[PDB]
file protein.csv (CSV, C-alpha atoms and all ligand atoms)
chain,number,residue,atom,x,y,z
A,1,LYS,CA,161.9,73.1,36.7
A,2,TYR,CA,163.4,73.5,40.3
A,3,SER,CA,162.0,74.8,43.6
A,4,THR,CA,161.5,78.5,44.6
A,5,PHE,CA,164.2,78.1,47.2
A,6,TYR,CA,166.7,76.8,44.4
A,7,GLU,CA,165.8,80.0,42.4
A,8,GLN,CA,166.4,82.2,45.5
A,9,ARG,CA,169.9,80.7,46.1
A,10,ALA,CA,170.9,80.4,42.5
A,11,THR,CA,169.9,84.1,41.7
A,12,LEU,CA,171.9,85.2,44.8
A,13,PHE,CA,174.9,83.2,43.6
A,14,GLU,CA,174.6,84.9,40.2
A,15,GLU,CA,175.2,88.2,42.1
A,16,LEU,CA,178.3,87.0,44.2
A,17,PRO,CA,181.6,87.0,42.3
A,18,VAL,CA,183.9,83.9,42.5
A,19,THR,CA,187.7,84.7,42.4
A,20,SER,CA,190.8,82.5,41.7
A,21,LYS,CA,191.4,82.2,45.5
A,22,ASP,CA,188.0,80.9,46.4
A,23,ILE,CA,187.3,77.4,47.9
A,24,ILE,CA,183.7,76.4,47.1
A,25,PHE,CA,181.6,73.9,49.0
A,26,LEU,CA,179.0,72.8,46.5
A,27,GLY,CA,176.0,70.6,47.3
A,28,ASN,CA,172.6,70.1,48.8
A,29,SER,CA,171.1,70.8,52.3
A,30,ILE,CA,174.2,69.1,54.0
A,31,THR,CA,176.4,71.7,52.3
A,32,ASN,CA,173.8,74.6,52.7
A,33,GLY,CA,173.7,74.1,56.5
A,34,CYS,CA,177.2,75.2,57.4
A,35,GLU,CA,179.0,78.5,57.8
A,36,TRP,CA,182.0,77.2,55.9
A,37,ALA,CA,184.3,80.3,56.3
A,38,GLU,CA,183.7,80.2,60.0
A,39,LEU,CA,184.3,76.4,60.3
A,40,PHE,CA,187.7,76.7,58.5
A,41,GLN,CA,188.5,80.3,59.8
A,42,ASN,CA,189.2,81.0,56.1
A,43,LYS,CA,187.6,84.0,54.3
A,44,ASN,CA,188.2,82.3,50.9
A,45,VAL,CA,185.7,79.5,51.7
A,46,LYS,CA,182.2,80.0,50.3
A,47,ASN,CA,178.9,78.2,50.5
A,48,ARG,CA,177.2,77.1,47.2
A,49,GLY,CA,174.9,74.7,48.9
A,50,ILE,CA,171.1,74.6,48.1
A,51,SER,CA,168.7,72.5,50.3
A,52,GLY,CA,166.9,70.0,48.0
A,53,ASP,CA,169.5,70.1,45.2
A,54,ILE,CA,170.0,67.1,42.9
A,55,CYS,CA,172.8,66.3,40.5
A,56,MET,CA,171.1,68.0,37.5
A,57,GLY,CA,170.3,71.1,39.7
A,58,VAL,CA,174.0,71.4,40.5
A,59,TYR,CA,175.0,70.8,36.8
A,60,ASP,CA,172.5,73.5,35.7
A,61,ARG,CA,174.1,76.2,38.0
A,62,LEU,CA,177.8,75.6,37.4
A,63,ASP,CA,178.4,78.8,35.2
A,64,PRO,CA,178.4,81.4,38.1
A,65,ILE,CA,181.0,79.2,40.0
A,66,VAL,CA,183.3,77.9,37.2
A,67,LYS,CA,183.5,81.3,35.4
A,68,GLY,CA,185.4,82.6,38.4
A,69,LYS,CA,188.0,79.8,38.1
A,70,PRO,CA,188.0,79.0,41.8
A,71,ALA,CA,191.1,77.4,43.5
A,72,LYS,CA,189.0,74.4,44.9
A,73,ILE,CA,185.5,72.9,44.6
A,74,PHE,CA,184.4,70.4,47.3
A,75,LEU,CA,181.3,68.5,45.8
A,76,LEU,CA,178.8,66.5,48.0
A,77,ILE,CA,175.7,65.5,46.0
A,78,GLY,CA,173.3,62.7,45.2
A,79,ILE,CA,171.3,61.8,48.4
A,80,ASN,CA,168.2,63.7,47.0
A,81,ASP,CA,168.6,61.7,43.7
A,82,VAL,CA,168.6,58.6,45.9
A,83,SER,CA,165.2,59.7,47.5
A,84,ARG,CA,163.8,59.8,43.8
A,85,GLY,CA,164.6,56.1,43.4
A,86,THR,CA,167.5,56.7,41.0
A,87,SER,CA,170.0,53.9,41.0
A,88,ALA,CA,173.7,54.5,42.0
A,89,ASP,CA,175.0,53.9,38.4
A,90,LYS,CA,172.6,56.6,37.0
A,91,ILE,CA,173.7,59.1,39.8
A,92,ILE,CA,177.4,58.5,39.1
A,93,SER,CA,176.7,59.2,35.3
A,94,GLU,CA,175.3,62.6,36.4
A,95,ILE,CA,178.2,63.2,38.7
A,96,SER,CA,180.5,62.4,35.8
A,97,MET,CA,178.7,65.2,33.8
A,98,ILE,CA,179.5,67.7,36.6
A,99,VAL,CA,183.2,66.6,36.9
A,100,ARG,CA,183.7,66.8,33.1
A,101,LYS,CA,182.1,70.3,32.9
A,102,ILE,CA,184.2,71.7,35.8
A,103,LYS,CA,187.5,70.3,34.2
A,104,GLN,CA,186.6,71.7,30.8
A,105,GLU,CA,185.5,75.2,32.0
A,106,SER,CA,188.1,75.6,34.8
A,107,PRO,CA,191.1,73.2,34.4
A,108,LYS,CA,193.1,74.9,37.2
A,109,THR,CA,190.3,74.2,39.8
A,110,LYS,CA,191.2,71.4,42.2
A,111,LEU,CA,188.0,69.2,42.4
A,112,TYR,CA,187.3,67.0,45.4
A,113,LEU,CA,184.5,64.4,45.3
A,114,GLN,CA,183.2,63.7,48.8
A,115,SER,CA,181.7,60.4,49.6
A,116,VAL,CA,177.9,60.5,50.0
A,117,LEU,CA,177.2,60.5,53.8
A,118,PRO,CA,175.4,57.6,55.4
A,119,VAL,CA,171.8,58.0,56.5
A,120,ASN,CA,169.7,56.4,59.3
A,121,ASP,CA,166.0,55.6,59.4
A,122,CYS,CA,166.0,55.5,63.3
A,123,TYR,CA,164.3,59.0,63.6
A,124,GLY,CA,161.5,58.1,61.1
A,125,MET,CA,162.2,61.2,59.1
A,126,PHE,CA,163.0,61.7,55.3
A,127,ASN,CA,161.8,58.0,54.7
A,128,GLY,CA,162.5,58.4,50.9
A,129,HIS,CA,166.2,59.0,51.8
A,130,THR,CA,166.7,56.9,55.0
A,131,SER,CA,164.8,53.7,53.7
A,132,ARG,CA,167.5,53.7,50.8
A,133,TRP,CA,170.5,53.7,53.2
A,134,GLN,CA,172.1,50.8,51.2
A,135,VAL,CA,172.3,53.0,48.0
A,136,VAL,CA,175.0,55.3,49.8
A,137,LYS,CA,177.8,52.6,49.7
A,138,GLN,CA,176.6,51.6,46.1
A,139,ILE,CA,177.3,55.3,45.0
A,140,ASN,CA,180.6,55.5,46.9
A,141,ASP,CA,181.9,52.2,45.4
A,142,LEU,CA,181.4,53.8,42.0
A,143,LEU,CA,182.4,57.4,42.9
A,144,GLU,CA,186.0,56.5,44.0
A,145,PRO,CA,186.7,54.9,40.6
A,146,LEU,CA,185.2,57.9,38.9
A,147,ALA,CA,187.5,60.2,40.8
A,148,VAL,CA,190.5,58.0,39.8
A,149,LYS,CA,189.4,57.9,36.1
A,150,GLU,CA,189.0,61.7,36.0
A,151,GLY,CA,192.2,62.5,37.9
A,152,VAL,CA,190.4,64.2,40.8
A,153,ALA,CA,190.4,63.6,44.6
A,154,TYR,CA,188.1,61.2,46.4
A,155,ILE,CA,187.5,62.1,50.1
A,156,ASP,CA,186.2,59.3,52.4
A,157,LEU,CA,183.9,61.1,54.8
A,158,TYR,CA,181.6,58.1,55.0
A,159,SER,CA,183.9,55.8,57.0
A,160,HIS,CA,184.1,58.5,59.8
A,161,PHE,CA,180.3,59.0,60.0
A,162,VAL,CA,179.0,55.4,59.6
A,163,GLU,CA,178.5,52.7,62.3
A,164,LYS,CA,180.4,49.6,61.2
A,165,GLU,CA,177.6,47.3,62.6
A,166,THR,CA,174.6,48.9,60.6
A,167,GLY,CA,175.9,50.7,57.5
A,168,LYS,CA,173.9,53.8,58.8
A,169,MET,CA,174.9,57.2,60.1
A,170,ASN,CA,175.9,57.3,63.8
A,171,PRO,CA,173.0,59.0,65.5
A,172,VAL,CA,175.6,61.2,67.5
A,173,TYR,CA,176.0,63.3,64.3
A,174,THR,CA,172.3,63.8,63.4
A,175,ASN,CA,168.8,64.5,64.9
A,176,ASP,CA,166.9,63.4,61.8
A,177,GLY,CA,169.0,60.7,60.1
A,178,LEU,CA,170.0,62.9,57.1
A,179,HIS,CA,171.3,66.3,58.2
A,180,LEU,CA,174.2,67.2,60.6
A,181,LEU,CA,174.4,68.6,64.1
A,182,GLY,CA,177.3,71.0,64.9
A,183,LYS,CA,179.3,67.9,66.1
A,184,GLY,CA,178.8,66.5,62.5
A,185,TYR,CA,180.3,69.6,61.0
A,186,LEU,CA,183.3,69.5,63.4
A,187,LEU,CA,184.0,66.0,62.2
A,188,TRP,CA,183.7,67.0,58.5
A,189,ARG,CA,186.0,70.0,59.3
A,190,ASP,CA,188.7,67.6,60.9
A,191,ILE,CA,188.6,65.3,57.8
A,192,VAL,CA,188.7,67.9,55.1
A,193,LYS,CA,190.9,70.7,56.7
A,194,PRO,CA,194.1,69.2,55.3
A,195,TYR,CA,192.6,69.4,51.7
A,196,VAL,CA,191.3,73.0,52.3
A,197,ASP,CA,194.8,74.0,53.5
A,198,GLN,CA,196.8,72.1,50.7
A,199,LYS,CA,198.7,74.1,48.0
B,1,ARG,CA,159.2,68.8,63.3
B,2,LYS,CA,161.5,69.8,60.3
B,3,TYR,CA,161.8,73.4,61.7
B,4,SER,CA,162.5,72.1,65.2
B,5,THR,CA,165.2,69.7,64.0
B,6,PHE,CA,166.7,72.3,61.6
B,7,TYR,CA,166.8,74.9,64.6
B,8,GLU,CA,168.8,72.4,66.7
B,9,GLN,CA,171.1,71.7,63.7
B,10,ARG,CA,171.9,75.4,63.2
B,11,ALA,CA,171.9,76.3,67.0
B,12,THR,CA,174.3,73.4,67.8
B,13,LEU,CA,176.6,74.6,64.9
B,14,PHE,CA,176.6,78.2,66.2
B,15,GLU,CA,177.6,76.8,69.7
B,16,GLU,CA,180.8,75.5,68.0
B,17,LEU,CA,181.6,78.8,66.1
B,18,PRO,CA,183.3,81.4,68.2
B,19,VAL,CA,182.1,85.1,68.2
B,20,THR,CA,184.7,87.9,68.6
B,21,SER,CA,184.6,91.6,69.3
B,22,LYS,CA,185.0,92.5,65.6
B,23,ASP,CA,182.1,90.4,64.4
B,24,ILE,CA,179.0,91.8,62.7
B,25,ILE,CA,176.1,89.3,63.2
B,26,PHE,CA,173.0,89.1,61.0
B,27,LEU,CA,170.4,87.4,63.4
B,28,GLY,CA,166.9,86.2,62.3
B,29,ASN,CA,164.8,83.7,60.4
B,30,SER,CA,164.9,82.3,56.8
B,31,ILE,CA,165.2,85.8,55.3
B,32,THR,CA,168.5,86.1,57.3
B,33,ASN,CA,169.5,82.4,56.8
B,34,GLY,CA,169.2,82.7,53.0
B,35,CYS,CA,172.1,85.1,52.4
B,36,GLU,CA,175.9,84.7,52.2
B,37,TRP,CA,176.4,87.9,54.3
B,38,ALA,CA,180.3,88.0,54.3
B,39,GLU,CA,180.2,87.7,50.4
B,40,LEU,CA,177.4,90.3,50.2
B,41,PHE,CA,179.4,92.9,52.2
B,42,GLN,CA,182.8,91.6,51.0
B,43,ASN,CA,183.6,91.7,54.8
B,44,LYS,CA,185.1,88.6,56.6
B,45,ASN,CA,183.8,90.0,59.9
B,46,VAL,CA,180.1,89.5,58.9
B,47,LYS,CA,178.5,86.3,60.1
B,48,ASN,CA,175.2,84.5,59.5
B,49,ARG,CA,173.1,83.6,62.6
B,50,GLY,CA,169.9,83.1,60.6
B,51,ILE,CA,167.7,80.0,61.1
B,52,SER,CA,164.8,79.2,58.7
B,53,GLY,CA,161.6,79.0,60.7
B,54,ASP,CA,162.8,80.9,63.7
B,55,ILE,CA,160.5,83.1,65.9
B,56,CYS,CA,161.3,85.8,68.5
B,57,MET,CA,161.6,83.4,71.4
B,58,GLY,CA,163.7,81.0,69.4
B,59,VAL,CA,166.2,83.9,68.8
B,60,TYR,CA,165.9,84.9,72.5
B,61,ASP,CA,166.7,81.3,73.6
B,62,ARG,CA,169.9,81.1,71.5
B,63,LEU,CA,171.5,84.6,72.4
B,64,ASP,CA,174.2,83.1,74.7
B,65,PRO,CA,176.7,81.8,71.9
B,66,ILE,CA,176.4,85.2,70.2
B,67,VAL,CA,176.4,87.7,73.1
B,68,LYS,CA,179.2,85.9,75.1
B,69,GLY,CA,181.6,86.9,72.2
B,70,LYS,CA,180.7,90.6,72.6
B,71,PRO,CA,180.2,91.3,68.9
B,72,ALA,CA,180.7,94.7,67.4
B,73,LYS,CA,177.2,94.7,65.8
B,74,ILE,CA,174.0,92.7,65.7
B,75,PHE,CA,171.4,93.3,62.9
B,76,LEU,CA,168.1,91.7,63.9
B,77,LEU,CA,165.2,90.8,61.5
B,78,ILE,CA,162.6,88.7,63.2
B,79,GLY,CA,158.8,88.3,63.6
B,80,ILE,CA,157.2,87.2,60.4
B,81,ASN,CA,157.0,83.6,61.5
B,82,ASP,CA,155.3,84.8,64.8
B,83,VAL,CA,152.9,86.8,62.4
B,84,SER,CA,152.1,83.4,60.7
B,85,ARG,CA,151.1,81.8,64.1
B,86,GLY,CA,148.5,84.5,64.6
B,87,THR,CA,150.5,86.3,67.3
B,88,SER,CA,149.6,89.9,67.9
B,89,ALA,CA,151.9,92.8,66.9
B,90,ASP,CA,151.8,93.8,70.6
B,91,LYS,CA,153.0,90.4,71.8
B,92,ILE,CA,155.7,90.3,69.1
B,93,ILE,CA,157.0,93.7,70.2
B,94,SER,CA,157.1,92.5,73.8
B,95,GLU,CA,159.3,89.6,72.7
B,96,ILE,CA,161.6,91.8,70.6
B,97,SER,CA,161.9,94.1,73.7
B,98,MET,CA,163.1,91.0,75.6
B,99,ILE,CA,165.8,90.4,73.0
B,100,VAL,CA,166.9,94.0,72.9
B,101,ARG,CA,167.1,94.3,76.8
B,102,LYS,CA,169.0,91.0,77.0
B,103,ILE,CA,171.6,92.0,74.4
B,104,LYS,CA,172.1,95.4,76.1
B,105,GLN,CA,172.5,93.7,79.5
B,106,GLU,CA,174.9,90.9,78.4
B,107,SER,CA,177.0,92.9,75.8
B,108,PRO,CA,176.5,96.6,76.4
B,109,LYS,CA,179.2,97.6,73.8
B,110,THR,CA,177.4,95.8,71.0
B,111,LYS,CA,175.7,98.1,68.6
B,112,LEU,CA,172.1,96.7,68.0
B,113,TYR,CA,170.1,97.5,64.8
B,114,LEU,CA,166.5,96.7,64.7
B,115,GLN,CA,165.4,96.1,61.0
B,116,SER,CA,161.8,96.7,59.9
B,117,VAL,CA,159.9,93.5,59.3
B,118,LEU,CA,159.8,93.1,55.5
B,119,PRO,CA,156.5,93.3,53.6
B,120,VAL,CA,154.9,90.2,52.1
B,121,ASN,CA,152.7,89.5,49.0
B,122,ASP,CA,149.9,87.0,48.6
B,123,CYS,CA,150.2,87.3,44.7
B,124,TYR,CA,152.0,83.9,44.4
B,125,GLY,CA,149.4,82.0,46.6
B,126,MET,CA,152.3,80.7,48.8
B,127,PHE,CA,152.9,80.8,52.6
B,128,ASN,CA,149.2,82.0,53.1
B,129,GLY,CA,149.5,82.2,56.9
B,130,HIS,CA,152.3,84.8,56.3
B,131,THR,CA,151.3,86.5,53.0
B,132,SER,CA,147.5,87.0,53.8
B,133,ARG,CA,148.7,88.8,57.0
B,134,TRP,CA,150.5,91.5,54.9
B,135,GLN,CA,148.8,94.2,57.0
B,136,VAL,CA,150.4,93.0,60.3
B,137,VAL,CA,153.9,94.0,59.0
B,138,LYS,CA,153.1,97.8,59.3
B,139,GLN,CA,151.4,97.2,62.6
B,140,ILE,CA,154.7,95.8,64.0
B,141,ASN,CA,156.9,98.4,62.3
B,142,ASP,CA,154.8,101.3,63.7
B,143,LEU,CA,155.6,99.9,67.2
B,144,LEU,CA,159.2,98.7,66.5
B,145,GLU,CA,160.5,102.2,65.6
B,146,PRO,CA,159.3,103.7,68.9
B,147,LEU,CA,160.8,100.7,70.7
B,148,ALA,CA,164.1,101.4,69.1
B,149,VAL,CA,163.9,105.0,70.3
B,150,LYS,CA,163.0,104.0,73.9
B,151,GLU,CA,165.9,101.5,74.0
B,152,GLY,CA,168.4,103.9,72.3
B,153,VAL,CA,169.1,101.5,69.4
B,154,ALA,CA,168.9,102.1,65.6
B,155,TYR,CA,165.8,101.4,63.6
B,156,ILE,CA,166.5,100.5,59.9
B,157,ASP,CA,163.6,101.1,57.5
B,158,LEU,CA,164.0,98.4,54.9
B,159,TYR,CA,160.2,98.1,54.5
B,160,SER,CA,159.7,101.4,52.6
B,161,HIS,CA,162.3,100.3,49.9
B,162,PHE,CA,160.8,96.8,49.4
B,163,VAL,CA,157.0,97.7,49.4
B,164,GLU,CA,155.1,98.4,46.2
B,165,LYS,CA,153.4,101.8,45.7
B,166,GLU,CA,150.8,102.1,48.5
B,167,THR,CA,149.7,98.4,48.5
B,168,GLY,CA,151.6,97.6,51.7
B,169,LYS,CA,152.9,94.5,49.9
B,170,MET,CA,156.4,93.4,48.7
B,171,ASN,CA,157.3,94.4,45.2
B,172,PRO,CA,157.2,91.1,43.2
B,173,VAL,CA,160.6,92.0,41.6
B,174,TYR,CA,162.3,91.0,44.9
B,175,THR,CA,160.6,87.7,45.5
B,176,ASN,CA,159.4,84.5,43.8
B,177,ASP,CA,157.0,83.4,46.6
B,178,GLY,CA,155.8,86.6,48.4
B,179,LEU,CA,158.0,86.0,51.6
B,180,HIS,CA,161.7,85.2,50.7
B,181,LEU,CA,164.1,87.2,48.6
B,182,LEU,CA,165.7,86.7,45.2
B,183,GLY,CA,169.3,87.8,44.7
B,184,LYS,CA,167.9,91.3,43.6
B,185,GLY,CA,166.2,91.5,47.0
B,186,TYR,CA,169.5,90.9,48.9
B,187,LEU,CA,171.3,93.5,46.7
B,188,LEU,CA,168.7,96.1,47.8
B,189,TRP,CA,169.1,95.1,51.4
B,190,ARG,CA,172.9,95.4,50.9
B,191,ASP,CA,172.5,98.9,49.5
B,192,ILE,CA,170.4,100.1,52.5
B,193,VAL,CA,172.4,98.5,55.3
B,194,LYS,CA,176.1,98.7,54.0
B,195,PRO,CA,176.5,102.2,55.5
B,196,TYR,CA,175.5,100.8,58.9
B,197,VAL,CA,177.8,97.8,58.5
B,198,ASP,CA,180.6,100.2,57.6
B,199,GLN,CA,180.1,102.5,60.7
B,200,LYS,CA,183.4,103.0,62.7
C,301,MG,MG,171.2,62.2,67.4
C,302,MG,MG,158.9,87.9,41.3
call {"tool": "encode", "arguments": {"input": "protein.csv", "output": "structure tokens", "more": "lines below"}}
Ligand SMILES: [Mg+2]
Ligand SMILES: [Mg+2]
result
Amino acid sequence: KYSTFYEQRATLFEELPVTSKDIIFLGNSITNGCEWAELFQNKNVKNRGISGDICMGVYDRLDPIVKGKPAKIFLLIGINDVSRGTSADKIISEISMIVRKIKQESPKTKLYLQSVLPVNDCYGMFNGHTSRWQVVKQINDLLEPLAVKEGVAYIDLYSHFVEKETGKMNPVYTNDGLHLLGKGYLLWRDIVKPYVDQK
Amino acid sequence: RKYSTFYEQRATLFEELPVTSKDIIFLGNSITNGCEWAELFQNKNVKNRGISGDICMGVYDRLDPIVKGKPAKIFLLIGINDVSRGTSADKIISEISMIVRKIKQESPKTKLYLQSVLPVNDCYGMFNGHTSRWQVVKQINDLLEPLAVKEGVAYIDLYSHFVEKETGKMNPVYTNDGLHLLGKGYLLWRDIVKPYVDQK
């Protein structure tokens, strides 16, 4: 069904309680990679990232997050569905399933849909991901209208990470064309801190 | 290449995250990286300095952004990826000794805890370079506890709680691959190490 690493993380998350004060970062490797409470100097921020995760993988593990009725969920997902050849509209339909379930199970949770980050094939790594760099904007052009339809926030990380001239991630933020260096996380911190702190 | 790029991702992140005199650092490889330590201990002072794929000299090489903050405690778990490279228990211990002496020199007030290398199990046919070397885990631990005594630091026997009967292999209840931990595995680690974390 899913990877052994997914099972390790998911079974750990089943043992860690979520409370009404928690601010959850939910996603794939790009979420897994950070120390979120340290980045925000906020003990209420928690990591629910799993390297390799896909939209259906996130859907399938919502229960141990939404049952705690967290204050906030920041979602960043879809780039591993891109590497499977799934079209943008199909990915957005799956993200709609996630948003609908969070709203139904925990209506007081503030949900923030984060733009899929750009990617770059310059490093010749993750070719399934980085060769489909044009799908990122395709997703984001449909994700912003989804947010507006469902009454949830859309956060444009993408415009801060992209190079205008290429449509690809600025190499200053990555060593592989997909994941973030520390500088990358500091930029994400600067963009989303006002939303993390908002009442 | 994926381990080398992931190391630089995590290391460069840790260079941007300040360490303070209250902090309790979990330092190691994937088995440290895989936890949410502050959630496990319900303790905002506990921080993750784990990097999947890391080896003893990769931990040595990135001590500066941890020891400069003079943390209260460092819990070290390292070595199994050196085992998987065919490196001898003796050479592994020599590199752990380098880590211990550098921590003591740079941050003498830091309490250092050397955690037994965890057992492994070849029953899932995964990570063969690791799991087929299950006998090297006790070879290291039999030298690691004397090293802890010689350097005046704590040795933490996790291994005896995780190992099955007298097979010298990890109990499959704690793992789905013979190397890494399920949530149940981190709860056992929590139960063993919480009294050390809680030390005044
Ligand atoms: Mg770069
Ligand atoms: Mg098992």
call {"tool": "closest_atom_pairs", "arguments": {"input": "protein.csv", "of": "chain B", "to": "ligand MG 302 (chain C)", "cutoff": "8 Å", "atoms": "only C-alpha atoms and all ligand atoms", "output": "CSV"}}
result
residue,atom,partner,partner_atom,distance
B:171,CA,C:MG302,MG,7.7
B:172,CA,C:MG302,MG,4.1
B:173,CA,C:MG302,MG,4.4
B:174,CA,C:MG302,MG,5.8
B:175,CA,C:MG302,MG,4.5
B:176,CA,C:MG302,MG,4.2
B:177,CA,C:MG302,MG,7.2
B:178,CA,C:MG302,MG,7.9
B:182,CA,C:MG302,MG,7.9
call {"tool": "closest_residue", "arguments": {"input": "protein.csv", "among": "A:150, A:89, A:63, A:176", "to": "ligand MG 301 (chain C)", "atoms": "all atoms listed in the file"}}
result
A:176
call {"tool": "interface_residues", "arguments": {"input": "protein.csv", "of": "chain A", "to": "chain B", "cutoff": "6 Å", "atoms": "all atoms listed in the file", "output": "list in words"}}
result
residues 8, 11, 12, 43, 181 and 182 of chain A
call {"tool": "residues_near_ligand", "arguments": {"input": "protein.csv", "ligand": "ligand MG 301 (chain C)", "cutoff": "6 Å", "atoms": "all atoms listed in the file", "output": "ChimeraX atom specification"}}
result
/A:171-175
call {"tool": "closest_residue", "arguments": {"input": "protein.csv", "among": "A:26, A:39, A:34, A:91", "to": "residue A:62", "atoms": "all atoms listed in the file"}}
result
A:26
call {"tool": "closest_residue", "arguments": {"input": "protein.csv", "among": "B:163, B:123, B:114, B:56", "to": "residue B:145", "atoms": "all atoms listed in the file"}}
result
B:114
call {"tool": "atom_distance", "arguments": {"input": "protein.csv", "atom1": "atom CA of residue A:109", "atom2": "atom CA of residue A:72"}}
result
5.3 Å
call {"tool": "residues_around", "arguments": {"input": "protein.csv", "residues": "residue A:78", "least_positions_apart": "3", "cutoff": "10 Å", "atoms": "all atoms listed in the file", "output": "list in words"}}
result
residues 27, 28, 53, 54, 55, 56, 58, 75, 81, 82, 83, 86, 88, 91, 92, 94, 95, 115, 116, 117, 136 and 139 of chain A
call {"tool": "residues_around", "arguments": {"input": "protein.csv", "residues": "residue B:86", "least_positions_apart": "4", "cutoff": "12 Å", "atoms": "all atoms listed in the file", "output": "ChimeraX atom specification"}}
result
/B:79-82,90-92,128-130,132-133,136
call {"tool": "closest_residue", "arguments": {"input": "protein.csv", "among": "A:30, A:142, A:119, A:73", "to": "residue A:18", "atoms": "all atoms listed in the file"}}
result
A:73
